[PDB]
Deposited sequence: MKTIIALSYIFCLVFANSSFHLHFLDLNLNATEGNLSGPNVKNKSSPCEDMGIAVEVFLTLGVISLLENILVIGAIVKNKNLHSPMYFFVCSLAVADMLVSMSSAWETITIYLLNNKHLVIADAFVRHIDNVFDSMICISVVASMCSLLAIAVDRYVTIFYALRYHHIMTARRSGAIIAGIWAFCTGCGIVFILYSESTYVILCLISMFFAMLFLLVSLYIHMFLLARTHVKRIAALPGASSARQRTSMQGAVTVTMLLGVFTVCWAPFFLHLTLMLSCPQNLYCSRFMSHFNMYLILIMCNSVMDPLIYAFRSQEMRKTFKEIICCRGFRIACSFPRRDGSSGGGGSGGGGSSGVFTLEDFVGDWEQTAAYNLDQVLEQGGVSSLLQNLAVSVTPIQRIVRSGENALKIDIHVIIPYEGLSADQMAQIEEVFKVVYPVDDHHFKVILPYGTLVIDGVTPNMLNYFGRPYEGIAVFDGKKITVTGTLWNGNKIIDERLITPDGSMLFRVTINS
């Protein structure tokens, strides 16, 4: 295509890191806390998003061009399969991300009772339940498209999950501020690090699929409007941002803790 590579390089880029984020969870022994299991589930769902979207794009480029011929009835079914994989992957990515946020919030606010609340077996159970529910949703959402209820659910999920991802990190940052105001009042001795961290985590999750879900909710709010139509006309780069998240999330979750970096450099040695 004229700019087909924008759906490919990003996907290929997801190869170079989302595999490693998985590999770094099953190669270091002490990275078997619930949080890093949720990180691995996130990486799996991000790889699925990238691959499924890239393969749909390659199929579309082939069919609409003159490189392949195929019956339309089978095209509709391969379309539904690609779409269902994408939707499964997207909902799993969002659920894994919220699971990381909830694990951190519980680890801090229930700091002493944490091990009597969450073990690695319970984390495996949560991952299994998340992926089961996400596969079910990614099947139902595309076996029934074109229904305002399905888009309504796919928007309510993002809204009610952005709200929670924001609020957990706001409470975490306000606690860290109550701590830095106590460290500062020490004889012989800033929230900028916390503010930039909360900003990056809450903004990567927004600059990547606030636009796609805003497009979805505009398609059901003001489709007979030019203001909203000029917005919806950029669904191409909305998909591009959807893919860019699967590049950003490893950098802002698994490329920052020093243990992950250590096992990553151990991997790169080999």
property: Non-modelled portions of the deposited polymer sequence, in sequence order; result: 1-51, 241-246, 328-513
